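Enquirer: below is the structure, and that's it, no one-letter string:
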Ligand SMILES: CCCCCCCCCCCCCCCCCC(=O)OC[C@H](COP(=O)(O)OCCN)OC(=O)CCCCCCCCCCCCCCCCC
Ligand SMILES: CCCCCCCCCCCCCCCCCC(=O)OC[C@H](COP(=O)(O)OCCN)OC(=O)CCCCCCCCCCCCCCCCC
Ligand SMILES: CCCCCCCCCCCCO[C@@H]1O[C@H](CO)[C@@H](O[C@H]2O[C@H](CO)[C@@H](O)[C@H](O)[C@H]2O)[C@H](O)[C@H]1O
Ligand code: SF4
Ligand code: SF4
Ligand code: SF4
């Protein structure tokens, strides 16, 4: 219950601050002003950094249980598979690195 | 007669003025730094 | 507990906040911008008055026109002024911005920035000393202190 | 009673943020051979109040937003998440004692990138959106090292419980066994919060950095408060993670005093760094993450999985 | 004679290569930059407490204009118009005629202080020290019209500031 109350309170206050931040200036009654999809074009590089983040982020999901995994009796198996995951994460980086997937020059 | 008086350098000129770059050497060698850092890890590990 | 009293004290509060937190947009056009930079520098430290050095035009409360306004530049200066959120004030710094100065008779120079925007403070000099500009900024603060927006509203 | 506890956390947070703005200006001032605010209130102590009132009665900016709902959602999300990051922090006791509190903080911070994305979408400007996307790419890139570094330290702590980090450091600060991870952690927090020398949203290389450019934005104050609440929170998290304070159950206030000093000093170091260095180029800070921190962080993760096993120092699970 | 600013080839022995590796990994040269900003934090700042304290100036300072008198109170300006001829900005406008007592005196003496470049040529050209640039620099105004000085304004400035103007002239006229 407490966590729900905390989240409700935090986002309730944030909401009130936002609306009063938008209403309080209307007290001034400032004068009227009367004076002012598709590609972006998007670079492929900015798409590829986002995708690389995602795939690296998925591999991090598999590594999060490591603190618990170290409590097992089969430590040799656990350590072998833990290093296997991190190494494949390094191999993903090495492949990206050596095919110029990490460059910003056009 | 009053002598001429205008802004002039003092008799014998002014003292020396430094201008060359001076960035002093500080810290330890690379070997010493890596030794201190590795020693810190080992004590922390122990 | 009259409304005149409350409106009077509320005016003092908002006036105090606005003059105590003046964020300038310096339009550094020419030489006068150098003296403006010496007003931010350590000796005078405009930031110590609450006047932040480099503020974006979106959050600025005062535009300082520091230099000659040419015809080719006048439209861009008016555009920045029109985009400033209110309340907004303009300080004209130096002879060129005040009235054309040395270049008053030129074919390419606007003869005073007050042909383009309304000006609140005129700072004379070519250039005004950093201290002269600071004097002018403090003059604007006292002009804001004298404002009576809520008193006038209450008597409408 | 719990409702009092929440307000005794939220309100002081907003006050610390307010007066951090004053501390930043005065610390930056003295490193620049000047003073900073010392006119509005004694020693500038009223300057945060004058700025706050001034900003909230300022006219709202133009132009109009492209999406009203996203325009309003972004500041709510930024500030709502910023305050939420504080609820599991043990100081020394948390408001909410979570068994997975560290994971909660990772998860909530990964959601902070949405306010950047939504405010770019609601900016009604093509160039402002491109600026938001560069900021997002920076944020998520450095989230990778924060997660992996955090995982490496927890292999010495043994759980995801924030208050277990206190027990883990009862004898010694974790910065000694893990100073290489602390170095990269501290920089990642700078880059994560878009702080100098990683403050490219406030830099000179953006398509919208031009002064005369305009796009829908604001309110400025609410976004600013959210950002500075995260600066303090990250430095509080950094202290707990690497500079654990001893906790005496009969004198919890001593923990809080010592813990507050360490957080303040770390926060001041953010100001110290901002005064000292030029700004990174966007491609150079990407290179720093992907080609320097990440290879070293992966290697140190391998090391910290292996080290407890080979030294027979695996921590407890509970 | 010339010197090279950047033509040193780094040494490639272990001792040196490892020193550079330590700098790369341990951020030593970055830490050094932090030391410099920390040292400044503990230095006294250079800020003066304006307006209670003022930046130093000299008797030659070129500030707000003023028209001066002789000790008797007679005006010094005899409408020669050398100031108006030399003014690089054409900021001075003068008209003159015989005064009631026959004296040669101005009927108009205007300075557009928004044309003026504060060059001090007018006070160099003046043969009788009538027009001067005084020490006042704190005369900003709220309107443009207030900076168009006529003779009354300029004579008032002379009467207002003469005590200081005379002392400054006394201090520098032997350099002129
Ligand atoms: C016994 C064996 C046990 C096994 C473990 C042994 C491990 C020890 C040996 C490894 C040491 C690891 C050091 C960890 C730091 C990471 C090093 C690093 O990545 O820095 C290099 C990076 C790039 O450097 P650059 O010269 O630009 O280019 C090189 C690539 N071509 O450049 C940088 O990152 C510079 C930093 C950029 C940000 C600058 C602004 C911040 C500077 C001030 C920070 C002050 C210190 C902060 C400390 C906070 C601590 C809480
Ligand atoms: C807001 C301000 C708050 C502060 C309040 C006042 C207290 C001040 C305490 C801050 C201490 C840092 C300030 C002093 C730094 C300046 C000293 C210095 O300049 O040393 C430079 C030294 C030499 O560098 P260099 O010339 O390049 O030599 C290379 C080959 N020898 O370079 C070196 O030797 C560097 C050696 C250290 C390298 C360590 C690498 C980082 C490791 C991270 C560990 C962080 C541990 C401390 C974190 C806080 C926890 C206590
Ligand atoms: C109860 C608390 C209520 C909330 C109160 C919030 C008060 C905020 C006071 C801010 C004080 C000024 O602080 C200063 O502001 C300017 C923004 O103009 C920042 O300026 C920075 O961001 C802007 C863009 O946003 C850049 O144009 C600028 O180059 C950069 O330096 C400074 O980094 C900051 O140090
Ligand atoms: S007023 Fe003088 S100093 Fe200022 S821009 Fe014009 S010529 Fe330059
Ligand atoms: S100071 Fe120069 S520009 Fe000004 S009136 Fe005298 S001669 Fe003309
Ligand atoms: S002020 Fe001097 S130079 Fe000018 S007209 Fe008068 S006497 Fe002549």
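Expert: Cool, the structure landed. Numbering: from 1, shown residues only, chains lettered A, B, ... in the order given. Ligands and ions are numbered 1, 2, ... in the order given.
Enquirer: around chain B, which positions in chain D sit nearby?
Expert: D:172, D:174, D:176, D:177, D:178, D:179, D:180, D:307, D:311, D:313 (Cβ under 8 Å from any Cβ of the partner chain). For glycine as for every other residue, the C-beta is placed from the backbone atoms N, C-alpha and C.
Enquirer: check these for burial and list the buried ones.
Expert: Buried by 16 or more other Cβ atoms under 10 Å in any protein chain shown: D:174, D:176, D:177, D:178, D:180, D:307, out of the residues of chain D next to chain B.
Enquirer: thinking again about what came up before, output the residues of chain D next to chain B as JSON lines; include the columns secondary structure.
Expert: What follows is these, written out as JSON lines (DSSP: H, G, I helix; E, B strand; the rest coil):
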{"residue": "D:172", "secondary structure": "coil"}
{"residue": "D:174", "secondary structure": "coil"}
{"residue": "D:176", "secondary structure": "helix"}
{"residue": "D:177", "secondary structure": "helix"}
{"residue": "D:178", "secondary structure": "helix"}
{"residue": "D:179", "secondary structure": "helix"}
{"residue": "D:180", "secondary structure": "helix"}
{"residue": "D:307", "secondary structure": "helix"}
{"residue": "D:311", "secondary structure": "helix"}
{"residue": "D:313", "secondary structure": "coil"}
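Enquirer: need the residues you listed in CSV with distance to ligand 5, can you?
Expert: Shown next, in CSV, are these (distance: Cβ to the nearest ligand atom, whole Å):
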residue, distance to ligand 5
D:172, 73
D:174, 69
D:176, 69
D:177, 72
D:178, 69
D:179, 65
D:180, 66
D:307, 78
D:311, 82
D:313, 82
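Enquirer: quick one: which of these is nearest ligand 6?
Expert: Set against ligand 6, the nearest of the residues of chain D next to chain B by Cβ to the nearest ligand atom is residue D:179 (75.5 Å).
Enquirer: could you find the closest non-adjacent residue to the closest one?
Expert: residue B:40 (6.3 Å; Cβ to Cβ, 6 or more residues apart in numbering or on different chains).
Enquirer: quickly find the element holding that neighbour.
Expert: helix B:30-45 (DSSP states H and E).
Enquirer: what comes into contact with that helix?
Expert: With contacts defined as Cβ atoms under 8 Å, 6 or more residues apart in numbering or on different chains, helix B:30-45 is touched by B:27-28, D:172, D:174, D:176-180, D:307, D:311, D:313, E:15, E:18-23, E:26, E:28.
Enquirer: now that helix, how far from the centre of its chain.
Expert: Counting by Cα atoms, centre = their mean, to the nearest Å, helix B:30-45 is centred 29 Å from the centre of its parent chain.
Enquirer: and stretch B:10-20, by the same measure?
Expert: That offset, for stretch B:10-20, works out to 19 Å (Cα atoms, centre = their mean).
Enquirer: what's the single longest strand in chain E?
Expert: Criterion DSSP state E: the longest strand present in chain E is strand E:104-112.
Enquirer: the strand or helix carrying residue A:8 close to chain C?
Expert: Residue A:8 belongs to helix A:2-23 when assigned by DSSP H and E. No: using Cβ under 8 Å from any Cβ, we find that helix A:2-23 stays clear of chain C, coming within 13.3 Å at best.
Enquirer: show me what that helix is packed against.
Expert: If contacts are counted by 3 or more Cβ pairs under 8 Å, 6 or more residues apart in numbering or on different chains; DSSP states H and E, helix A:2-23 sits against helix D:2-31, helix D:68-84, helix D:220-242.
Enquirer: in CSV: those, plus mean neighbour count.
Expert: CSV is the format used below for the helices and strands packed on helix A:2-23 (neighbours: other Cβ atoms under 10 Å in any protein chain shown):
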stretch, mean neighbour count
helix D:2-31, 17
helix D:68-84, 22
helix D:220-242, 22
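Enquirer: so what's the residue count around whichever residue of chain A sits closest to chain E?
Expert: Distances between chain A and chain E by Cβ to the nearest Cβ are smallest at residue A:97, namely 18.5 Å. Neighbour count of residue A:97, defined by other Cβ atoms under 10 Å in any protein chain shown: 15.
Enquirer: and it, what does it touch?
Expert: Contacts for residue A:97 (Cβ under 8 Å, 6+ apart) come out as D:290, D:291.
Enquirer: could you look up the SS state of it?
Expert: Strictly by three-state DSSP, residue A:97 counts as helix.
Enquirer: distance of it relative to residue D:291?
Expert: 7 Å (Cβ to Cβ, to the nearest Å).
Enquirer: still on that earlier bit, mind listing what's buried in the helix holding residue A:8?
Expert: Buried residues in helix A:2-23 (16+ other Cβ under 10 Å): A:6, A:9, A:10, A:11, A:13, A:14, A:17, A:18, A:21, A:22.
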